[PDB]
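Read the structure below first, then the notes.
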Amino acid sequence: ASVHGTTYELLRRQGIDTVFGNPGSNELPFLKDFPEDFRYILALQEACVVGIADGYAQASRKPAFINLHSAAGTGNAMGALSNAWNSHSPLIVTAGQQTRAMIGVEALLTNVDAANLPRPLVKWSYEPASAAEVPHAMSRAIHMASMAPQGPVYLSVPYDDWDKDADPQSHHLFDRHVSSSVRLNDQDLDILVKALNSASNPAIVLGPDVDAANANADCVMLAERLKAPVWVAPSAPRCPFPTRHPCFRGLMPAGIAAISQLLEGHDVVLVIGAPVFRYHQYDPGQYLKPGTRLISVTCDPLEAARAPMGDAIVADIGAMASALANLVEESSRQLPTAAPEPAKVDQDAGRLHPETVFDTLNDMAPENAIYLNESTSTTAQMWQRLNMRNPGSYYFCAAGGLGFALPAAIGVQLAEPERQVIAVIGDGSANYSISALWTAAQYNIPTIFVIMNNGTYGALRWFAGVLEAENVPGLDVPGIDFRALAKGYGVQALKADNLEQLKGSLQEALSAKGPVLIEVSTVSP
Amino acid sequence: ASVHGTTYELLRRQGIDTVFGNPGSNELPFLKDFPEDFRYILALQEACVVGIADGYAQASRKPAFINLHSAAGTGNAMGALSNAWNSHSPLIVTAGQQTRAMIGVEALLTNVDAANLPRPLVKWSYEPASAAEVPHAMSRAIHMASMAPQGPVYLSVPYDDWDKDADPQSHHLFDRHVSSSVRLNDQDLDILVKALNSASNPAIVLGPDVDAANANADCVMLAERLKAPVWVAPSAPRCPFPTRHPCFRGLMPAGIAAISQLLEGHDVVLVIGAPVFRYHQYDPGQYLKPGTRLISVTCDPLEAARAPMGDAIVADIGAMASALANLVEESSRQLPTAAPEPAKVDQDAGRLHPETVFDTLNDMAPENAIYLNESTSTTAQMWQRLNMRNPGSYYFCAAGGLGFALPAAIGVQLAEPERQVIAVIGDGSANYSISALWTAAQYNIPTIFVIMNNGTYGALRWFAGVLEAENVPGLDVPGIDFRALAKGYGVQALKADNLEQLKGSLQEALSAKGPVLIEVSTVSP
Amino acid sequence: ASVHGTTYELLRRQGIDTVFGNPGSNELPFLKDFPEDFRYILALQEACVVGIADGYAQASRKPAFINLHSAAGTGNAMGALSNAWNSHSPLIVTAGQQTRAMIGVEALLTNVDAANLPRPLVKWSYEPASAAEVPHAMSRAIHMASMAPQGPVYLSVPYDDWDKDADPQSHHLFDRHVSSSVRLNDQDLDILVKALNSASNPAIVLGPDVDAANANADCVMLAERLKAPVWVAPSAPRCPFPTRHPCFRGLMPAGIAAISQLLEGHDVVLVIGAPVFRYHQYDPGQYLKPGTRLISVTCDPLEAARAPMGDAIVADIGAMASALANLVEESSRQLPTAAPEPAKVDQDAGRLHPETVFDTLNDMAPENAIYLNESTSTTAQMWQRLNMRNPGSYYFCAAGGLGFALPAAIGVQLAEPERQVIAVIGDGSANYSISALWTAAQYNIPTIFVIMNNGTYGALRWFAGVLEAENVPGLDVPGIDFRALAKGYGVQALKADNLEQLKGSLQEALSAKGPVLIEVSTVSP
Ligand SMILES: Cc1ncc(C[n+]2c([C@@H](O)/C=C/c3cccnc3)sc(CCOP(=O)(O)OP(=O)(O)O)c2C)c(N)n1
Ligand SMILES: Cc1ncc(C[n+]2c([C@@H](O)/C=C/c3cccnc3)sc(CCOP(=O)(O)OP(=O)(O)O)c2C)c(N)n1
Ligand SMILES: Cc1ncc(C[n+]2c([C@@H](O)/C=C/c3cccnc3)sc(CCOP(=O)(O)OP(=O)(O)O)c2C)c(N)n1
Ligand SMILES: [Mg+2]
Ligand SMILES: [Mg+2]
Ligand SMILES: [Mg+2]
């Protein structure tokens, strides 16, 4: 067998059947004779290839396979990798290298010091020392991406390797099962359960690894038994809990003093599937107030090490959430009462308030919609206004890197063909991976893109206000016609300048048989 | 509180009370006002500082703290780190950096690009961005070294940081408990237990993470219930099983074809606490023969990813060994029969055969002795001839880096004051960290060093034979007087040129109140 | 031709005929059939292999070739590399890697992520992607080490590569000549010459790249024409000027305020072949006083970039010193007058003052002696008391990493068989690479080692005084018998407890036909 044949066999035996790619000449020997059972998803720029794969992985809860072109293709994707690192996305990134005979002279398209290029944003990064090693290296990549804590990995392959003879002993790679589905030993688990049972005012804080694990329903059982309020950890990249459940208390503010104040009076705070914590703004104070202690369950030793307070347990989030939900006592305390509905903001017949857009989306979208956020100044309102009952219903760029939601919405919709994906993207963010629109058009992946157009980088105007920073250049982005960009890439486009047109545009988009972009004229900050 | 005071408080609250060091000027601000409850162990060169700390950590089963001088001190220790990486040793390596005001100009003793210096041989490597951050960075280092898979970490600290004010919120670091004591979820554990119960001819292979976990006695229960032979995985850095137990079958040959041949006819091979596998020699063949399947339990995702065959489970070795030993059925098969005793090699009245040295050590040493091996051409004989009943009884440089056993024997004897440590070290290996002898003399740490003197790098002469390599230079090391080197560093010294003198020298050394070196005239290969 | 044959041919064609090494099993395929025209110099530990090669390179002014064993051998040498980096030493470091077929599984002796291991202390670090590439990679290593700014480089080679067929086109590597012998263009050179001619009170500061370039005699002509005082830049690793020439003013103090004060009243300060500057102690103040401007000529862009003041020119030191010495006008100012001789320190019949040792060395040593310093608390006195008329007469560990002078003295004496090498090494420093003594004994390289025994790390006691640091542990090193360590490794040994015995020991050592160690009882600080 050739290295090509053995590698595609390994991939299909490990569950991989799709290649997200932008091709190049170092990759033609890999892509030729492309197997009939695989499907290649082209995108026009690498940040878009990786963003699509990333949404697909996160929504499918399985690794996604990427193929990029040498150094420049890999480099074009590094902002996307920054997000994938922070979301623990299982991404297997492969890039073609020059033929081994041309690497020394550094011929054009040589990826110099290849394994160092994607660092520090990958779990494992490698170039094999011979062609026969490529299937074993690919095996290592699959498992490194897929073990807890999941994350992106990188394999560089000289293009001459593919046609070489494979090692016949590579067949032992094909059916390897590797598990990291582990939980705290019985004795220590019992100590943890007794501490939860004994708490007089417990709180729960949930992060994105809960949704990744599909542990959401176990965490609802846990919060119901403990009769405990549930917050989402700050800077949330996913939604880990039904947002209209009576226990739900919303997104935590990403500040040190805000969070200790929020948690005051809670004696035991249990954090599951989040870093402790992904703060953002400068908000100095106590990490925790007197009387509050914290216990974190994380799948990631780097999170456990860097928490400034609390105990920690490094284990699988699905296994831990399930064990705790089934072991804790039913508390005799009263179940928390549901937060009230948000108020309607006054809206005239002109530009839309973001509140109005979310309220209308919530009124019209199916109950199993999936939302993506890259509307940076409207996050708090989005979280208050969208009822998200099901898992896998929210994604926001986990490292803050814009250019995620537009491609990732396409990957998510590919992963979940029966759930309507709606990406709400600011006019600033929409440009970073605008070319991804073409993939949705070409493959007919029926994502709806809602572009919030207020003409400015609104969140940066807000941070500038907090800093009291005057005379900052580069904050305005006038003069973009999103309907013309959608036409550019083959996607039906609509404009909503007021509420009547927003309703009509949403009705048409929800009825459409393909992707749709709606440019919404929003109020300027 | 100062950063100095808060950092020593963090260390003592996390169980650390000893600093293994070779001091320098960037470290004086850390070492001044050295706390009365800590103890500083000086060694004269950094490979020796790290080798001592390493033996201490491995034998104590807890992290050890090291303090070295900037770049050159850290660089002198990098071979030692190579071993510590492969043995999963929990080493917290700190090094002093220049004052922050002098780093830019690259004053003398600046550690340039400090965090990259020890890579790839550390789990985590860092320099803090401010003085107030140093206690949190130290906390991160403690936990990264201590979480499974354990390993060395590196922290660089500008010398001006220590006298700065600490953040009052650093107190939340002091009592953090972080656990990685986890095992496979119940459902999958039950599947694994049923596969073991159902095996018709199971084999067990154990590696060094079993001894690190003190899981040895659980693995004896497991092998007794399964009525299964037990091998030690190849290239063994520790001994995970009593070597005269009836199930024990010895050290596996470090070759691919040798191991598949050994395992042939075994239907399920369970590997615990080892890489799969640490092969050495070139020995191409099948990874496993038809009819054999393998299941590995490892604490290290990098081991699980790179195994060329088998299933794998990434979990704590102590938690997994205990759970399996207590859950499996007692098989009705007959218990394996003990291997026979090794034969006596003919010995005349002249130079000693290595076989004779081990046989005599076994005759005379206490039953709780601890041995270290750095006699590279005699390993197989050592394993056959020393009855090691207890855990923590054997150490051999885990990456093959010579210069480990002499210092590590001193650390081990410090960790285990009531167990006689006996290091058997070839005349070649003895030179790499010869200066460590001074530490044993100065602190009166009563290690016995047995130097196997055959005048040559014997194992390299053997590998040269296997390669059929002629005219190789640099293989002979004549003209070293080990009794004079021991005198140099204050250690009592004895010579054994025949068996009568070997017996007398061992009797005197075993009776001594301090360290002793015995130079033994061994047969030339 | 094989890769082995083509590589040794490349080496001899590029002037390399000696391999400094400590062998291992990954290197046997390289070392077999060792060519009859090469010479292998064995040392017992890698810091000693690299220190010997380093002295040899620095004194010979040509690259030296090193061969080490995989990761642990390379790691044992990293402190030595830290020095070699700061001295711009042209060192070609090769290390053996596992066979390519065993790298993936990480067999024992695999050097993982090999090219990153020696960073940041090398100019270039690489592992070839195929066997046929090895001679080109070796060519790259030779030239990267040898081009200005010279420095260490690293090549990792899988052991199976050597017996493979070489590319017949590799012959084009054999006779490549690569020059970096360059100087500032004529127009800008003329501007610089006119500025020097016009200076009313010029000063010259010289660093180690002057001695490396053998530009010393040109700098004497330059200082004589400009009638300018000459200082050696701080933290000096080499001596660039005759120390009894009338222009010589000694070693600059390594502090910011000290140097600006020293230079005050000098209108133009010309620095040649040094960083600007290698400060050490904390000594805040003005980089330069009003009225002083600085112009640096360096062979190293990293030095030019990081100078906090002055203009800079990046060019070859030999070409620039020669051009300036021949172009500048003879000034009509009076030639500087020679510094007076140092005074005799009162010495009784007991322990030796360091002043007395240097005074006696200066009285007895040949006028072409070469000295090495690793007596850290006595540097200023050494510089005042040794008349060093010739180039290549002084070496001190350029990064401050102890363990350099003892091995490097052996390399220097190998490079300069007709110049008596005398290494003055403190009792603390002597331990770091003590095993190097064996190389001098085995090859009969007649270095004289003068061990300054005061029982303590004296310079650290001094820095502790400056810091006002009390209760510092680990500063004393009692209980070392250097005569016994020399006997250990086959080197004749003498003791001097007073001046009479110092004189007699020096007379005997200067008369000896092989290496000699003298342990000198010096006054305690
Ligand atoms: C790749 C990339 N480039 C730049 C940025 C900086 N940045 C961002 C940030 O540095 C801040 C990110 C942040 C931080 C905390 C919480 N949420 C977001 S926001 C932004 C403007 C986006 O404008 P738009 O999409 O029109 O939405 P709003 O009008 O609602 O704000 C910018 C430019 C970024 N985050 N990522
Ligand atoms: C830091 C370092 N430097 C070099 C080496 C290479 N090496 C070694 C290796 O490359 C091989 C290591 C090895 C490989 C597999 C199994 N066991 C050991 S062995 C050795 C000689 C040691 O001689 P000595 O202590 O006198 O014992 P024997 O006479 O019984 O053999 C050498 C030099 C090494 N392993 N580590
Ligand atoms: C590899 C290594 N390890 C540690 C150090 C730290 N250090 C040193 C330093 O951190 C300081 C180096 C320095 C700094 C500026 C100028 N000169 C030297 S000096 C030293 C003691 C050496 O003792 P000894 O040889 O007996 O001579 P003296 O009695 O005359 O001082 C030590 C230990 C070091 N420089 N290098
Ligand atoms: Mg906007
Ligand atoms: Mg030997
Ligand atoms: Mg001293």
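Letters A, B, ... mark the chains of the structure tokens in the order given; residue numbers begin at 1 per chain; ligand numbers begin at 1, in order shown.
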Problem - Contacts to ligand 3 at 8 Å cut-off (only C-alpha atoms and all ligand atoms) as a PyMOL selection string - result: (chain B and resi 22-26+45-46+68-69+72-74+76+108-109) or (chain C and resi 79+235+280-281+374-379+400-403+425-430+432+452-461+475+477)
Residues of chain B within 8 Å of chain A, counting only C-alpha atoms, what are they? List them as a PDB file with N, CA and C atoms, in the first residue's frame.
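Wrote iface_10.pdb, looks like this:
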```
ATOM      1  N   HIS B 136       2.029  33.755  41.920  1.00  0.00           N
ATOM      2  CA  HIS B 136       1.116  32.998  41.041  1.00  0.00           C
ATOM      3  C   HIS B 136       1.882  32.151  40.054  1.00  0.00           C
ATOM      4  N   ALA B 137       2.958  32.661  39.481  1.00  0.00           N
ATOM      5  CA  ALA B 137       3.717  31.842  38.546  1.00  0.00           C
ATOM      6  C   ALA B 137       4.295  30.632  39.283  1.00  0.00           C
ATOM      7  N   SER B 139       3.024  29.145  41.893  1.00  0.00           N
ATOM      8  CA  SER B 139       1.895  28.252  42.082  1.00  0.00           C
ATOM      9  C   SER B 139       1.663  27.400  40.821  1.00  0.00           C
ATOM     10  N   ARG B 140       1.663  28.068  39.636  1.00  0.00           N
ATOM     11  CA  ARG B 140       1.473  27.360  38.400  1.00  0.00           C
ATOM     12  C   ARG B 140       2.562  26.322  38.246  1.00  0.00           C
ATOM     13  N   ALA B 141       3.808  26.660  38.540  1.00  0.00           N
ATOM     14  CA  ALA B 141       4.891  25.714  38.421  1.00  0.00           C
ATOM     15  C   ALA B 141       4.693  24.530  39.310  1.00  0.00           C
ATOM     16  N   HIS B 143       1.937  23.214  40.555  1.00  0.00           N
ATOM     17  CA  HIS B 143       0.883  22.322  40.054  1.00  0.00           C
ATOM     18  C   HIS B 143       1.200  21.697  38.710  1.00  0.00           C
ATOM     19  N   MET B 144       1.815  22.471  37.812  1.00  0.00           N
ATOM     20  CA  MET B 144       2.187  21.787  36.516  1.00  0.00           C
ATOM     21  C   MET B 144       3.154  20.677  36.804  1.00  0.00           C
ATOM     22  N   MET B 147       0.826  17.615  38.682  1.00  0.00           N
ATOM     23  CA  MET B 147      -0.275  16.911  37.939  1.00  0.00           C
ATOM     24  C   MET B 147       0.216  15.812  37.005  1.00  0.00           C
ATOM     25  N   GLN B 169      -3.850  39.470  47.419  1.00  0.00           N
ATOM     26  CA  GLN B 169      -4.715  38.386  46.997  1.00  0.00           C
ATOM     27  C   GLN B 169      -3.987  37.074  46.705  1.00  0.00           C
ATOM     28  N   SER B 170      -2.668  37.083  46.819  1.00  0.00           N
ATOM     29  CA  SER B 170      -1.885  35.860  46.599  1.00  0.00           C
ATOM     30  C   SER B 170      -2.152  34.846  47.693  1.00  0.00           C
ATOM     31  N   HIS B 172      -4.708  33.369  48.334  1.00  0.00           N
ATOM     32  CA  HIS B 172      -5.624  32.354  47.858  1.00  0.00           C
ATOM     33  C   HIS B 172      -4.834  31.224  47.165  1.00  0.00           C
ATOM     34  N   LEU B 173      -3.560  31.464  46.856  1.00  0.00           N
ATOM     35  CA  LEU B 173      -2.772  30.357  46.237  1.00  0.00           C
ATOM     36  C   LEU B 173      -2.387  29.294  47.278  1.00  0.00           C
ATOM     37  N   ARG B 176      -4.381  25.769  47.831  1.00  0.00           N
ATOM     38  CA  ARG B 176      -5.047  25.085  46.672  1.00  0.00           C
ATOM     39  C   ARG B 176      -4.682  23.626  46.635  1.00  0.00           C
ATOM     40  N   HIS B 177      -5.699  22.772  46.482  1.00  0.00           N
ATOM     41  CA  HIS B 177      -5.502  21.347  46.260  1.00  0.00           C
ATOM     42  C   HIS B 177      -5.913  21.041  44.847  1.00  0.00           C
ATOM     43  N   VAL B 178      -5.011  20.426  44.099  1.00  0.00           N
ATOM     44  CA  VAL B 178      -5.304  20.106  42.706  1.00  0.00           C
ATOM     45  C   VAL B 178      -5.111  18.627  42.501  1.00  0.00           C
ATOM     46  N   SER B 179      -6.175  17.956  42.085  1.00  0.00           N
ATOM     47  CA  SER B 179      -6.099  16.507  41.864  1.00  0.00           C
ATOM     48  C   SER B 179      -6.187  16.081  40.462  1.00  0.00           C
ATOM     49  N   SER B 180      -5.372  15.071  40.139  1.00  0.00           N
ATOM     50  CA  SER B 180      -5.526  14.365  38.876  1.00  0.00           C
ATOM     51  C   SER B 180      -5.673  12.879  39.212  1.00  0.00           C
ATOM     52  N   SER B 181      -6.212  12.585  40.398  1.00  0.00           N
ATOM     53  CA  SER B 181      -6.387  11.156  40.782  1.00  0.00           C
ATOM     54  C   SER B 181      -7.684  10.571  40.210  1.00  0.00           C
ATOM     55  N   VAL B 182      -7.655  10.186  38.925  1.00  0.00           N
ATOM     56  CA  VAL B 182      -8.857   9.909  38.153  1.00  0.00           C
ATOM     57  C   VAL B 182      -8.750   8.520  37.551  1.00  0.00           C
ATOM     58  N   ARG B 183      -9.905   7.935  37.301  1.00  0.00           N
ATOM     59  CA  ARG B 183      -9.889   6.622  36.619  1.00  0.00           C
ATOM     60  C   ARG B 183     -11.063   6.513  35.635  1.00  0.00           C
ATOM     61  N   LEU B 184     -11.019   5.513  34.747  1.00  0.00           N
ATOM     62  CA  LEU B 184     -11.960   5.341  33.709  1.00  0.00           C
ATOM     63  C   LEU B 184     -13.393   5.213  34.307  1.00  0.00           C
ATOM     64  N   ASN B 185     -14.335   5.902  33.661  1.00  0.00           N
ATOM     65  CA  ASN B 185     -15.753   5.844  34.081  1.00  0.00           C
ATOM     66  C   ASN B 185     -16.246   4.374  34.271  1.00  0.00           C
ATOM     67  N   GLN B 286       6.947  -7.512  13.490  1.00  0.00           N
ATOM     68  CA  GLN B 286       5.541  -7.209  13.839  1.00  0.00           C
ATOM     69  C   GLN B 286       5.486  -6.553  15.184  1.00  0.00           C
ATOM     70  N   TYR B 287       4.642  -5.508  15.328  1.00  0.00           N
ATOM     71  CA  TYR B 287       4.472  -4.904  16.689  1.00  0.00           C
ATOM     72  C   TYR B 287       3.830  -5.888  17.661  1.00  0.00           C
ATOM     73  N   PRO B 301      -0.878  11.530  27.880  1.00  0.00           N
ATOM     74  CA  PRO B 301      -1.469  11.568  26.564  1.00  0.00           C
ATOM     75  C   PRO B 301      -0.376  11.401  25.534  1.00  0.00           C
ATOM     76  N   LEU B 302       0.858  11.892  25.673  1.00  0.00           N
ATOM     77  CA  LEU B 302       1.845  11.717  24.597  1.00  0.00           C
ATOM     78  C   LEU B 302       2.195  10.278  24.412  1.00  0.00           C
ATOM     79  N   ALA B 304      -0.003   7.645  24.968  1.00  0.00           N
ATOM     80  CA  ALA B 304      -1.181   7.106  24.367  1.00  0.00           C
ATOM     81  C   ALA B 304      -1.207   7.447  22.874  1.00  0.00           C
ATOM     82  N   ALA B 305      -0.805   8.643  22.485  1.00  0.00           N
ATOM     83  CA  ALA B 305      -0.926   9.053  21.092  1.00  0.00           C
ATOM     84  C   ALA B 305       0.069   8.305  20.223  1.00  0.00           C
ATOM     85  N   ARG B 306       1.274   8.103  20.783  1.00  0.00           N
ATOM     86  CA  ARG B 306       2.343   7.585  19.925  1.00  0.00           C
ATOM     87  C   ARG B 306       2.457   6.028  19.921  1.00  0.00           C
ATOM     88  N   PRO B 308       2.225   2.504  18.637  1.00  0.00           N
ATOM     89  CA  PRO B 308       1.888   2.068  17.284  1.00  0.00           C
ATOM     90  C   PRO B 308       0.781   1.024  17.198  1.00  0.00           C
ATOM     91  N   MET B 309       0.294   0.521  18.321  1.00  0.00           N
ATOM     92  CA  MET B 309      -0.749  -0.481  18.364  1.00  0.00           C
ATOM     93  C   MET B 309      -1.485  -0.427  19.688  1.00  0.00           C
ATOM     94  N   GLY B 310      -2.662  -1.063  19.733  1.00  0.00           N
ATOM     95  CA  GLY B 310      -3.383  -1.225  20.980  1.00  0.00           C
ATOM     96  C   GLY B 310      -4.376  -0.128  21.235  1.00  0.00           C
ATOM     97  N   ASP B 311      -5.236  -0.430  22.187  1.00  0.00           N
ATOM     98  CA  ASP B 311      -6.080   0.622  22.767  1.00  0.00           C
ATOM     99  C   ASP B 311      -5.361   1.243  23.908  1.00  0.00           C
ATOM    100  N   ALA B 312      -5.867   2.407  24.319  1.00  0.00           N
ATOM    101  CA  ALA B 312      -5.260   3.106  25.406  1.00  0.00           C
ATOM    102  C   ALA B 312      -6.289   3.808  26.249  1.00  0.00           C
ATOM    103  N   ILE B 313      -5.950   4.032  27.547  1.00  0.00           N
ATOM    104  CA  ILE B 313      -6.783   4.754  28.529  1.00  0.00           C
ATOM    105  C   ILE B 313      -5.811   5.700  29.216  1.00  0.00           C
ATOM    106  N   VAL B 314      -6.112   6.992  29.278  1.00  0.00           N
ATOM    107  CA  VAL B 314      -5.235   7.998  29.888  1.00  0.00           C
ATOM    108  C   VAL B 314      -5.849   8.290  31.245  1.00  0.00           C
ATOM    109  N   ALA B 315      -5.178   7.835  32.312  1.00  0.00           N
ATOM    110  CA  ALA B 315      -5.739   7.995  33.689  1.00  0.00           C
ATOM    111  C   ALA B 315      -4.614   7.848  34.674  1.00  0.00           C
ATOM    112  N   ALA B 319      -4.898   5.118  40.790  1.00  0.00           N
ATOM    113  CA  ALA B 319      -6.366   4.903  40.809  1.00  0.00           C
ATOM    114  C   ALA B 319      -6.787   3.714  39.940  1.00  0.00           C
TER     115      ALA B 319
END
```
Exercise for the section: Can you pull out every residue within 7 Å of residue 223 in chain C, counting only C-alpha atoms, but drop anything in the same chain fewer than 6 positions away, and send it as a PyMOL selection string? Expected result: chain C and resi 229-230+247
Problem - Test item: residues at most 10 Å from range 500-512 of chain C, only C-alpha atoms, excluding those fewer than 2 positions along its chain, as a ChimeraX atom specification - result: /C:349-350,352,356-357,360-361,363-366,420,422,446-450,492-498,514-521
Practice task
Enumerate, as number ranges by chain, the complete set of residues in range 143-377 of chain C that a backbone-based DSSP assignment places in strand (DSSP E or B).
Solution key: C: 153-158, 165, 203-206, 230-232, 238, 248-251, 268-272, 293-298, 311-314, 352, 370-374
Handout entry: Those of range 227-278 of chain A in DSSP helix (DSSP H, G or I), formatted as a ChimeraX atom specification
Key = /A:256-263
Selection export as an mmCIF file, in the first residue's frame, atoms kept: C-alpha atoms:
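Contents of the output file selection_32.cif:
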```cif
data_model
loop_
_atom_site.group_PDB
_atom_site.id
_atom_site.type_symbol
_atom_site.label_atom_id
_atom_site.label_comp_id
_atom_site.auth_asym_id
_atom_site.auth_seq_id
_atom_site.Cartn_x
_atom_site.Cartn_y
_atom_site.Cartn_z
ATOM 1 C CA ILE A 256 -12.368 40.034 39.302
ATOM 2 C CA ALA A 257 -14.259 42.305 41.724
ATOM 3 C CA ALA A 258 -17.592 41.837 39.840
ATOM 4 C CA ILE A 259 -17.382 38.064 40.168
ATOM 5 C CA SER A 260 -16.400 37.940 43.870
ATOM 6 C CA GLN A 261 -19.253 40.371 44.540
ATOM 7 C CA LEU A 262 -21.688 38.187 42.555
ATOM 8 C CA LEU A 263 -20.567 35.098 44.473
#
```
Exercise for the section: Excluding residue 387 in chain C and any residue of its chain fewer than 6 positions from it, enumerate the residues within 12 Å of it, using only C-alpha atoms, and give them as a PyMOL selection string. Expected result: chain C and resi 239+241-245+248+250+339+341-342+358-371+381+393-394
Exercise for the section: Between CA of residue 201 in chain C and CA of residue 232 in chain C, measure the distance and give it in Å to one decimal. Expected result: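 It comes out at 17.6 Å.
Close contacts of range 404-419 of chain B, defined as residues with an atom at most 6 Å away when counting only C-alpha atoms, with chain neighbours fewer than 5 positions off set aside, comprise residues 48, 51, 52, 53, 55, 56, 59, 60, 368, 369, 372, 374, 397 and 436 of chain B.
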